[PDB]
Each structure stands twice: as structure tokens, then as C-alpha cells.
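Engineer: My structure is in protein04.txt, and what it holds is compact mmCIF, C-alpha atoms (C1' of nucleotides):
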# COMPACT_ATOMS: atom_id res chain seq x y z
CA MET A 1 10.18 36.88 5.67
CA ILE A 2 12.41 39.03 3.49
CA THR A 3 11.97 37.82 -0.08
CA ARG A 4 14.64 36.27 -2.29
CA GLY A 5 15.74 39.63 -3.66
CA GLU A 6 15.78 41.32 -0.25
CA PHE A 7 17.92 38.57 1.27
CA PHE A 8 20.29 38.56 -1.71
CA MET A 9 20.66 42.33 -1.40
CA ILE A 10 21.27 42.20 2.35
CA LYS A 11 23.92 39.49 2.08
CA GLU A 12 25.66 41.10 -0.90
CA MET A 13 25.77 44.63 0.50
CA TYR A 14 26.94 43.33 3.88
CA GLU A 15 29.74 41.27 2.29
CA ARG A 16 30.79 44.23 0.12
CA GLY A 17 31.91 45.99 3.32
CA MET A 18 28.94 48.33 3.74
CA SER A 19 27.97 48.92 7.37
CA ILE A 20 25.05 46.87 8.62
CA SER A 21 23.02 49.64 10.30
CA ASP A 22 22.83 51.87 7.22
CA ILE A 23 22.08 48.71 5.23
CA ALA A 24 19.04 48.20 7.46
CA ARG A 25 18.11 51.87 7.07
CA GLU A 26 18.33 51.62 3.28
CA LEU A 27 16.28 48.41 3.10
CA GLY A 28 13.78 49.53 5.75
CA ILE A 29 14.34 46.54 8.01
CA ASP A 30 15.04 46.22 11.72
CA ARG A 31 18.70 46.02 12.66
CA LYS A 32 18.17 42.82 14.66
CA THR A 33 16.35 41.22 11.73
CA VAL A 34 19.08 42.18 9.26
CA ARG A 35 21.85 40.97 11.57
CA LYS A 36 20.07 37.65 12.09
CA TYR A 37 19.71 37.27 8.32
CA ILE A 38 23.44 37.99 7.85
CA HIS A 39 24.23 34.52 9.22
CA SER A 40 21.48 32.61 7.44
CA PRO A 41 21.74 29.93 4.72
CA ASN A 42 19.14 31.16 2.23
CA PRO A 43 16.30 33.70 1.91
CA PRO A 44 13.44 32.83 4.30
CA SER A 45 10.14 33.62 2.58
CA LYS A 46 7.93 30.62 3.37
CA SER A 47 5.80 29.65 6.37
CA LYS A 48 4.33 26.15 6.67
CA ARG A 49 1.00 25.65 8.46
CA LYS A 50 -1.08 22.48 8.64
CA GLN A 51 -4.82 22.10 8.19
CA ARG A 52 -7.27 23.53 10.72
CA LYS A 53 -10.75 22.74 11.97
CA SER A 54 -13.76 23.98 10.01
CA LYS A 55 -17.55 24.17 10.46
CA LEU A 56 -18.53 21.24 8.20
CA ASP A 57 -16.21 18.72 9.88
CA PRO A 58 -18.83 16.86 11.99
CA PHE A 59 -21.19 16.65 9.01
CA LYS A 60 -18.47 15.64 6.55
CA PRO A 61 -18.74 11.85 7.11
CA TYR A 62 -22.52 12.02 6.72
CA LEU A 63 -22.26 14.03 3.50
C1' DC B 1 94.21 110.49 -2.10
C1' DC B 2 91.61 108.71 1.99
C1' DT B 3 87.32 107.63 4.31
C1' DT B 4 82.69 105.78 4.55
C1' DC B 5 78.76 103.42 2.72
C1' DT B 6 76.75 99.24 0.96
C1' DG B 7 76.10 94.45 -0.66
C1' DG B 8 76.81 89.35 -0.73
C1' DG B 9 77.38 84.95 1.71
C1' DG B 10 77.65 81.52 5.41
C1' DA B 11 76.00 80.34 9.98
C1' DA B 12 72.78 80.66 13.77
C1' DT B 13 68.28 81.22 15.41
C1' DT B 14 62.76 81.58 15.52
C1' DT B 15 58.24 81.07 14.28
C1' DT B 16 54.21 79.05 12.13
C1' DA B 17 52.08 75.80 9.47
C1' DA B 18 51.11 71.17 8.56
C1' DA B 19 50.41 66.26 9.74
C1' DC B 20 50.04 62.39 13.03
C1' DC B 21 48.66 60.29 16.98
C1' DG B 22 46.34 60.08 21.22
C1' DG B 23 42.76 61.27 24.38
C1' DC B 24 38.14 62.54 25.51
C1' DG B 25 33.03 63.15 24.74
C1' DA B 26 29.04 61.78 22.03
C1' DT B 27 26.18 59.04 19.35
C1' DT B 28 25.08 54.54 17.61
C1' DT B 29 24.20 49.89 17.81
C1' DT B 30 23.16 45.50 19.76
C1' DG B 31 20.52 42.76 22.89
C1' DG B 32 16.42 41.77 25.55
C1' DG B 33 11.65 42.67 27.01
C1' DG B 34 6.86 44.43 26.27
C1' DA B 35 3.18 46.34 23.49
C1' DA B 36 0.89 47.55 19.37
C1' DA B 37 -0.07 47.40 14.70
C1' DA B 38 0.10 45.54 10.16
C1' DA B 39 -0.12 41.96 7.08
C1' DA B 40 -0.66 37.44 5.68
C1' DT B 41 -3.25 33.39 5.42
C1' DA B 42 -7.15 30.72 5.75
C1' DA B 43 -11.96 30.15 6.08
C1' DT B 44 -16.53 31.54 5.31
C1' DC B 45 -20.16 34.36 3.02
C1' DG B 46 -23.04 36.27 -0.69
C1' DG B 47 -23.92 36.64 -5.36
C1' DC B 48 -23.19 36.82 -10.31
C1' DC B 49 -22.48 34.20 -14.68
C1' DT B 50 -22.97 30.50 -17.46
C1' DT B 51 -24.60 26.03 -19.28
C1' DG B 52 -26.34 21.22 -19.07
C1' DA B 53 -30.54 18.61 -19.25
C1' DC B 54 -35.22 17.67 -19.46
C1' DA B 55 -37.24 16.13 -23.25
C1' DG B 56 -39.94 7.15 -23.78
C1' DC B 57 -35.78 3.69 -22.67
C1' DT B 58 -31.73 0.46 -23.37
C1' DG B 59 -31.15 -4.12 -24.86
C1' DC B 60 -29.18 -6.52 -27.92
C1' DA B 61 -25.18 -8.37 -31.67
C1' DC B 62 -20.57 -9.92 -32.46
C1' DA B 63 -15.92 -11.17 -31.15
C1' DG B 64 -12.91 -14.36 -28.31
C1' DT B 65 -11.76 -16.85 -24.26
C1' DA B 66 -12.70 -18.86 -20.01
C1' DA B 67 -15.73 -20.77 -16.57
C1' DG B 68 -19.24 -23.52 -15.03
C1' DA B 69 -23.26 -26.57 -14.85
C1' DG B 70 -25.05 -31.14 -15.64
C1' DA B 71 -24.40 -36.02 -16.72
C1' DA B 72 -21.73 -40.15 -17.54
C1' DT B 73 -17.63 -42.83 -16.18
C1' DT B 74 -13.90 -44.30 -13.30
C1' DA B 75 -11.02 -44.81 -8.92
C1' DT B 76 -10.80 -45.38 -4.49
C1' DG B 77 -11.96 -45.73 0.31
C1' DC B 78 -15.08 -47.65 3.51
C1' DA B 79 -17.34 -51.55 5.02
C1' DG B 80 -18.43 -56.27 5.63
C1' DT B 81 -17.22 -61.23 6.83
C1' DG B 82 -14.41 -65.20 8.36
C1' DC B 83 -10.49 -67.31 11.26
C1' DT B 84 -6.77 -67.15 14.52
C1' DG B 85 -3.84 -65.20 18.26
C1' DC B 86 -2.65 -62.02 21.99
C1' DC B 87 -3.47 -58.65 25.54
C1' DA B 88 -6.41 -56.63 28.81
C1' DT B 89 -9.44 -56.84 32.52
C1' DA B 90 -11.68 -58.76 36.05
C1' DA B 91 -12.25 -61.37 40.05
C1' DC B 92 -10.78 -62.28 45.00
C1' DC B 93 -8.41 -61.07 49.47
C1' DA B 94 -5.99 -57.90 52.55
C1' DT B 95 -5.05 -53.23 54.57
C1' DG B 96 -5.28 -48.32 54.79
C1' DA B 97 -7.75 -43.87 54.31
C1' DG B 98 -11.52 -40.92 53.21
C1' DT B 99 -16.40 -39.61 53.59
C1' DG B 100 -20.98 -40.40 54.84
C1' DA B 101 -23.23 -40.78 58.96
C1' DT B 102 -24.79 -39.87 63.96
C1' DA B 103 -25.50 -37.05 68.33
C1' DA B 104 -26.67 -32.30 70.00
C1' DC B 105 -27.77 -27.53 69.96
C1' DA B 106 -29.41 -23.24 67.14
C1' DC B 107 -31.38 -21.03 63.65
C1' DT B 108 -34.56 -20.91 59.84
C1' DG B 109 -38.12 -22.72 56.46
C1' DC B 110 -42.75 -24.56 55.58
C1' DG B 111 -47.37 -25.93 56.73
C1' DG B 112 -51.49 -25.44 59.83
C1' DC B 113 -54.44 -22.21 62.10
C1' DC B 114 -56.58 -17.75 63.39
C1' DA B 115 -58.22 -13.18 62.25
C1' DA B 116 -59.23 -8.99 59.47
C1' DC B 117 -61.16 -6.76 55.30
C1' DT B 118 -64.14 -6.74 51.17
Write the structure described by the file as C-alpha cells, please.

Structural biologist:
Amino acid sequence: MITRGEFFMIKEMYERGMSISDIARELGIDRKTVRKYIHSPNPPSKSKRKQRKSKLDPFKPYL
DNA sequence: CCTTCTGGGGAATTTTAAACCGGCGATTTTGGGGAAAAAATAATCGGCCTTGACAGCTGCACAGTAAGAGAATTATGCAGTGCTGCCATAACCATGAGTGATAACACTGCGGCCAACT
């Protein structure tokens, strides 16, 4: 979940010719994570989750 | 008057410094698996801050359009009646097939009789 700026920085510094491992060191990210993000379309910073059960569900129709 | 010393130059050789390229040893990095920790997200909890309402109640008036409710009128479909013709059914006889009936034995249902308890 590296933010827009983090992903932009990773992609740019990698494409400039800078080595990937020291890129990860500089940005404080795991080498596997950085390498995976190298070949990625756009910055991933969103997680989608659907609704979940609550306590007032059985009573909701009655209310 | 003569001899010896020295110096310059061209060629041959040697050594050391520098740079490249290859080989060898070390660390790094990538990938996968397992555990631990952090953070993010959602849900649930308590509580503070702020304000609306409760103060008789709302039914009516006008505007225009549309609908509808009741009564009178009209159209139409059903019904009723008479006369004639055609189709259906019914009546009889014959023959075949199905079912209700009859005999016999076995099992079960109902009515008459005896006994036990209150």
C-alpha cells in the first residue's frame, strides 16, 4: 500500500538506473515489495472491503 | 711536437611503472516459507454540547379542472308467439359378452345371554 508519491518515487528512481536494493533501503521498503511494484500499472493505495455483520442486525427489521 | 684525456652521438639493452583484463573470493539479492508485530479499518461505547418544543387546535377560503353521483332518456337485446319443415330417436328383433348371482367353506361382526361389581 505504498502511496501515490512512494510509488512514483520507486518507479522513477528505478527507471533512472539506480539500483533496486539501495532504492528499497532509501525508501524503507522490503526488496520483494519494491521489486513487485516495479512491474505494476499504478500506485496501489486502496483496499476494498464489503459490509460486515453487526449487533443490531436481528432487531433492525423490527426497529 | 707527440701523447693522453674527455665529450658527444647512435645503437643496444634493462627495469619499473602504469593500465587492462581475467580469475578468484565475498557479499548481496532474490525467492519462498513461517512467525510476529504494527497499522489500518470498522464497529461499538460513553459522554459532552447544544437546541427544539412544550406551551388549545386546525379548518376553512379561493382558484381551476376533473370526476362522479343521481335522474331522465334512448338503444338494444332478450323474450314471447304463431306456422311450417326436417332431423333425431325410438321401437322391435337377433346375437354376443359382461356381470350379477349361486354353491361352499372360512373368517368375522352383531345380538342374546350370563356374571361380576357398585

Engineer: Measuring between only C-alpha atoms (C1' of nucleotides), which one of B:41, B:78, B:113, B:94 shows the shortest distance to residue 48 of chain A?

Structural biologist: B:41

Engineer: Counting only C-alpha atoms (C1' of nucleotides), give me one row per residue of chain A with an atom at most 8 Å from an atom of chain B, showing the shortest contact pair and its distance in Å to one decimal, sorted by chain then residue number, as JSON lines.

Structural biologist:
{"residue": "A:21", "atom": "CA", "partner": "B:29", "partner_atom": "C1'", "distance": 7.6}
{"residue": "A:32", "atom": "CA", "partner": "B:30", "partner_atom": "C1'", "distance": 7.6}
{"residue": "A:54", "atom": "CA", "partner": "B:43", "partner_atom": "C1'", "distance": 7.5}

Engineer: Output C-alpha atoms for every residue in that selection, as a CSV table (one decimal), in the coordinates of the input.

Structural biologist:
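The resulting out.csv:
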chain,number,residue,atom,x,y,z
A,21,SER,CA,23.0,49.6,10.3
A,32,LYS,CA,18.2,42.8,14.7
A,54,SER,CA,-13.8,24.0,10.0

Engineer: Quick check, in Å to one decimal: how far apart do atom CA of residue 17 of chain A and atom CA of residue 42 of chain A lie?

Structural biologist: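 Atom CA of residue 42 of chain A lies 19.6 Å from atom CA of residue 17 of chain A.
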
Engineer: Could you work out how far atom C1' of residue 39 of chain B lies from atom CA of residue 6 of chain A, giving the answer in Å with one decimal?

Structural biologist: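 Separation of atom CA of residue 6 of chain A and atom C1' of residue 39 of chain B: 17.5 Å.
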
Engineer: Set the distance at 12 Å and use all atoms listed in the file: which residues neighbour residue 35 of chain A once local chain neighbours fewer than 6 positions away are removed? I'd like the list as a VMD selection string.

Structural biologist: (chain A and resid 7 10 to 11 14 19 to 24 29) or (chain B and resid 29 to 31)

Engineer: For a test of reading the model, state the distance in Å between atom CA of residue 31 of chain A and atom CA of residue 18 of chain A, rounded to one decimal.

Structural biologist: 13.8 Å
